[PDB]
Structure formats: structure tokens, C-alpha cells
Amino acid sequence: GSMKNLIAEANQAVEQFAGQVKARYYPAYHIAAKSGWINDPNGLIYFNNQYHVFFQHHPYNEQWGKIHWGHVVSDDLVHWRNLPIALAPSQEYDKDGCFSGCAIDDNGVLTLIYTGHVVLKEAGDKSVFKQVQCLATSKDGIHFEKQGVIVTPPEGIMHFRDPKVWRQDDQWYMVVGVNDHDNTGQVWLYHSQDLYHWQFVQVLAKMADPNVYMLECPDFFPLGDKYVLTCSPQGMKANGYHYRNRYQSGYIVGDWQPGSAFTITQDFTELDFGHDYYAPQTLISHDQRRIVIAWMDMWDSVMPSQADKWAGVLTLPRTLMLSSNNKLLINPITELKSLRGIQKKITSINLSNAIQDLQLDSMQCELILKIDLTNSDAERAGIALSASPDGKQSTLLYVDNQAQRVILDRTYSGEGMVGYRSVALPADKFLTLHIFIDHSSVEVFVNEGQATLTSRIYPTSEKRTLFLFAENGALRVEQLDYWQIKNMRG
């Protein structure tokens, strides 16, 4: 009945099914539970010389259900260690889930502020529920004590969730996402002197598209001379190359100071153009980088790992910097280089109407592929990742010279979902693809961080290699760097 006993029960279920988890799709250097289901990352913080990541977690099976907070820690944002579960549903205010939230340092006390979820009437997607903001503390970083409800919404407001709290002007601010009376998604800003008593300040942001019914997972933070709002809109219609995923994740750049509206200088932009990127949260690193982690997955997608008694992976952590035109340059954190093994460097690889097996293991590896766009005039030219030795199965990452786009096509990748995602080719003589392959994922960083593509893949081949290919013309690879990537856990 006590949360201490509910956490012990939950930890025992995770430990029980951990032995049934197959390696084929389990990430070597991304965050996953030992077994069972995870989704959105929560409570990101650098606290007492360590990086903490929590996540939405169903401990009892590989599907979504009674949500707990899972927990990992690292010294270096890379060597993530599994910890015991932090929060289990245990009170009227959180009976049906400890939903998303953040962490803060309250005068040396690690403090979690999360949405408590309770179902009031079960009608599937027509369900009525109660969402309020709740607070928990820890003296040791491992065991947490609930301190109860701290923010209740207005009457008629139901969707009211995903608090992100920060200190400013010896005061605290909170952003939450809300579905308003007129059925529009908004981010609301609240403030507090004590973390227990909160007052509404303003509607921080809404979107012009009236079909956006929710803004999940708001994070509002300074970056250079601007403020950035990252969030996850629901209800944006897929439009050409835009908003292809079931739900969106992206960013708004503007100007704000306490007492002012958030005046938008750059409208909503997707954070990642791939298939599997949802529910970003950020933290400030020790050296004051702005770091984003997201769920490397998408609601309603086929999840082949569920056959193996686990599901859910987080993205690599990525740095956020403003370009001079106030777009986010997004790059892998430098600490990932610590996982690098055997380096292989190939220079000046030409192909014309041909394929080439590079004979490089594609289970867990990092590539830097520099392509000469002027002289790579093939209709389709690039790399086949995580490929069967017969080349029948692969994840295609290539220049389409007709579309003038980079294509990530998982149609022939293995189990689960088909089709492609894409970005516009950058205005540059050279295209650099910085590619991280794990057992069930591809992350691509384009050029200096101008764009990223993140997709899950589920290869079925016993051995995984890489091919280069050029169809109907030439590929010019100026340089290919390859590293094997070590398991982060040892």
C-alpha cells in the first residue's frame, strides 16, 4: 500500500523480466529500462555532481500502464546506470500515474514536480480524469517522499500537465500544457515564492492553427538574447514534408522578460525531421550547455521490441545553440566520443551506377560521411545502414537529387513501420552526415547541426553491414570516418 512497498514490487517485476530481454533491439548506448515500457524523459537535472534522467515507466509489462518514474544516473551524460524506480502511483491525486515532470534543487533538496493523473470515468478516449501538479523530495537522490498537491487547474480545465520549473529573480516559475475551454492547446506560466503556493501569471503561448488541441511537455529557457519554448503539439495536420509524425515536437524562439508577453521572432519549427522524436526536455550541464533528451519513439507506431518484454528508448543528449537567424543548431554532446573504439578512415570513395559493401559492423557504430554534392549527381546516392549481407534489408540514407533532399527510408529496414522522412539539402558544396547507429535506432546530424533525423529500425539480419550506393549517376564521398561504439553500461 505504501509507496516504499509499491516501488519494491515494481522493481521486482523489472528484475523478473530483465533476464527475458533479447539483445537484438536493446540499445547499447541509449537509455532504456532493464525491462518493461518507458516513454517521455522527466526530471532532467545536474544535481550533486551527477546527471539524473527519469522517465515515464510501466514496470509490470512492455506496454503503457500504471505510470512510474524510472531513473538512471551518469557522471558524464553518457555512462548511464539503471537505478531503482523513484515514484510509484500511491495517492488519490496520482493513483493512475505519476505523469511527466521536472526536477529542481530546493536549497540542497532534490525536488520532483510532476503531474498526478487519476481516471474519474473510463470512456476510452472519452475518459474524464484529474491532472494536478504534485511535489516529491529526496535526501539521498534514490528514495523520494510525496508532499502532495501544489497546483490545481480552473474548473472546466482537464488537460493540465507536464510542469517545468526554474528559479529566476529569487522566485520560481512553472510552465504547464493545457487544453483550454475552446479546445485549443496553450502553455500557461505560473509563479511561486515557496514551491507550494502558485499563482497563474499569463498564457505564455498558443498556436495560430485552431486544430492544435494540446501543447505537451513545455520547456521555456533562455538561449543567448532570446527565450526558447520547446513543446509537443497535438492536432497539427501533416502538410507536405511538415508534421509527418502522429504528434509533433518543436521549438518557438522569441523575446520575454518577467512582466511581458513572449513575442515570437521564429514560429514553431520541428526539433527533428525523423520518425521517432517526442517529448523533449532540457537541462543545463555543469559547463552551462543547454542539453535536450527526447523519447526516441512515437505513439501508435509498431514496436517490434515488445516481443522481447521491453519497449522505449531515449535519444542521445544533444546541445542547443541559436544560429544568427535564430534557428537551433543541434549537435551530439562531445562526451559520446568516450564510447569510441576502433576508428577506420576511408578517403575519396567514388561510385557510379554501383553498390559497395564497406564490410563494417552496423550493430553499434558512429559514422561521419562527407559527401560532395556538386559531383554526387546520381538520382539516388548514399549509404545503406544496418544492412543484411545480401543487401535485401537496409535503412537507406541518401541524397535524392530530384527532390534535392536527404532521405531516411526504413521501408526495407526490418520489422515494423515503412516509409521515409527527409530534410532539404543544405546550401553548402558539402553534405556532412554524422550518424549514430544502435541496435534499433538511427540518429543523423546534418552539417553543423542545421537539421536532425531520428528513426527507430528493427533489423532481423544476424550480421549488419554498411553499403554505399549510386543509382543513375555518381556518388563522391570525400571522407568516411567509422567508429565501433562501446556498450555504455560496461
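The numbering used is simple: start at 1 and walk along the sequence shown.
Look at the mean CA B-factor for 156 to 164 and for 256 to 264 in the entry; the higher one is 256 to 264.
Two stretches are in play, 274 to 282 and 351 to 359, and the higher mean C-alpha B-factor belongs to 351 to 359.
Based on the entry's C-alpha B-factors, the most elevated value among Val128, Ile113, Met214, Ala384 belongs to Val128. Listed residues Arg410, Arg380, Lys345, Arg405 were ranked by CA B-factor as deposited; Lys345 comes out on top. Annotation for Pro426: C-alpha temperature factor in the highest third relative to the rest of the modelled chain, per the entry. Compared with the other modelled residues of the chain, the Cα B-factor recorded for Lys463 ranks in the highest third. Per-chain ranking of the deposited C-alpha B factor places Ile330 in the lowest third. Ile291 sits in the middle third of its chain by CA B factor, as recorded in the PDB entry. Compared with the other modelled residues of the chain, the Cα B-factor recorded for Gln199 ranks in the highest third.
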